[PDB]
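A single chain comes next, written as structure tokens; it is the form deposited in one PDB entry.
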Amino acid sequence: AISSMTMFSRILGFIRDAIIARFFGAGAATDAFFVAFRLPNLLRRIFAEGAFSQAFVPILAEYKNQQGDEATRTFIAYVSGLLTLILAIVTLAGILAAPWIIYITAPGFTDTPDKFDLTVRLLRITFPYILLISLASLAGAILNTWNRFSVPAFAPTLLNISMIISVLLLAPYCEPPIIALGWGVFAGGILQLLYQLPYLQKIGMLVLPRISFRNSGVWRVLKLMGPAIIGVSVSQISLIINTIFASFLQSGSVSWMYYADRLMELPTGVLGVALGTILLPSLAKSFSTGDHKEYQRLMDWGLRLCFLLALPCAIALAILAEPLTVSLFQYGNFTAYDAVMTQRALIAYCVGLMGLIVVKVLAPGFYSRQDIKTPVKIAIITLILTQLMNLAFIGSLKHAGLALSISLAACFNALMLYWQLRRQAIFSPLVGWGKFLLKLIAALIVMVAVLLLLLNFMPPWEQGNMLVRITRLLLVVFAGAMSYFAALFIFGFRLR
């Protein structure tokens, strides 16, 4: 369900990314678009996922299960109304203050004033999407409360489609061509909304928004939002300051980081969705029922699974950074220089894939423990270490150093959450990790050896059509995966 539609969305997101790279490359225009659209949406996502979504899903289901459909319709009406009012005000203030928002977020764009102007213009086109995508994600949250998961998963396909179409059709018309993306995004917003509204009507939860300050449920969802806003703020501030750092770097830095991060995202989302259906449900159940012993059992199996699957992915992405970048991005305005810079950023990002997967495996269980004080402390530490690693790595490695900083920060964040579990006896690993790690290390050595060998005997990656390059890429990915799994088979792990 989710596993099929959210990954169709994934190839279309990656296809739109390749289209962007092909048509606009990695430079001033693409830098401006990323700071203008991606950075505000990421702040918005952090806020909604960290505070609004966490508060909204329990209260909504609690209405749905303990009160009628009419009471739930009224709750949803007042929630969507207050959301729309706040976001309309927020959007209006943002379009007015856009030059100051770009100045604070990306100070270094001021050196090319025309680039700063495009970033401001694109934020003005972009900003209405915040409203649209928030309404669409509220729709999707409601539908998920009604156990309809495939529609909200498929919904971002419409954004990807809209952006691809705006690039292919509207870009030559638009006077700065990447302006077209904005409108695609805009159309995308509307489409993502329009697609989900009838399904909402299907469950009788499509209702005209309405404003009130007396609703008990609205104040409940406002109260559970409170303690999470400090951590949301930490994460937002860190991301803002990272962008500030990158803004002083050479044009394309933001775009190179973006492309590397998407390349690196690609398998990590697969693994995250897959472990979120194999492991997290049973972990949540074990924590809710108070079964400590078998919670440890799953925690250990899941951490071993993380080492078994995220490590080979990270190392393979590092070894295959040029194959991947050249085969998936190096067309049109994406030059060979852009490909090298993206390769470096991708090698840097590979360090933190492990930290990402483990943060997603450990963080469920703290929000369930209702311990937010120690994660907000961990988040402040992660901020401090991130900004410090930025100062340290920016001069020597530039954008790659900023990517290394983000990666190592994710590593330390996961490590600190694990240390909190270890100190409070929340988790203690099972015996036999040592020989298990040795098995991994041998299998990784075999995999990397086979990959290096093949690459020495395989053509220059720039040479060929996209069919040819992606065929070669898939051939080496297959040989590497096969060889890693064959080394593992000799060691053991015959069944899961």
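Rigid core: the largest C-alpha set superposing within 1.5 Å between the two forms. Numbers for residues come from their place in the sequence shown, where the first is 1.
State which stretch shows the higher mean Cα B factor in the entry: 220-228 or 120-128.
Per the deposited B-factors, the answer is 220-228.
Higher average CA B factor in the deposited record is what I'm after, so tell me if that's 254-262 or 276-284.
Per the PDB record, 276-284.
Looking at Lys293, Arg73, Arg148, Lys115, which has the highest CA B-factor as recorded?
It is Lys293.
Of the choices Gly27, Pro58, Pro40, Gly434, which one's C-alpha carries the largest B-factor in the record?
Reading the PDB entry, the winner on C-alpha B-factor is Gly434.
Can you tell me whether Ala51 has a C-alpha B-factor in the lowest, middle or highest third compared with the other modelled residues of the same chain?
Tercile = highest for this residue's CA B-factor.
Sorting by Cα B-factor within the chain, modelled residues only, which third would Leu430 end up in: lowest, middle or highest?
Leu430: CA B-factor falls in the highest third of its chain.
Quick one: classify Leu303 as lowest, middle or highest third of the chain based on its Cα B-factor.
Tercile = highest for this residue's CA B-factor.
According to the PDB entry, is the CA B factor of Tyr337 in the bottom, middle or top third of its chain, that is, lowest, middle or highest?
According to the entry, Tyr337 has a C-alpha B-factor in the chain's lowest third.
Quick check for you: using the entry's CA B-factors within this chain, is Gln201 in the lowest, middle or highest third?
Middle third, going by the recorded CA B-factors of the chain.
Not pictured, yet referred to below: the form deposited in another entry.
To test your reading of the superposition: with the rigid core aligned, which of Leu298, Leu193, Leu320, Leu404 moves its Cα by 2 angstroms or more between this form and the one not shown?
Between the two forms, the residue that moves is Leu298.
Does superposing the core leave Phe491 with a CA shift of 2 Å or more between this form and the one not shown?
Shift at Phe491: 2 Å or more after core fit.
So, does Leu122 move by 2 Å or more at the CA between this form and the one not shown, with the core held fixed?
No: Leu122 shifts by under 2 Å between this form and the one not shown.
Rigid core fitted, then: does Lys223 show a CA shift of 2 angstroms or greater between this form and the one not shown?
No; that C-alpha moves by less than 2 Å between this form and the one not shown.
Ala284 to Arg10, Cα distance in that other deposited form relative to here: closer or farther, by 3 Å or more?
Farther is correct, given that in that other deposited form the C-alpha spacing of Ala284 to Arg10 is increased by at least 3 Å.
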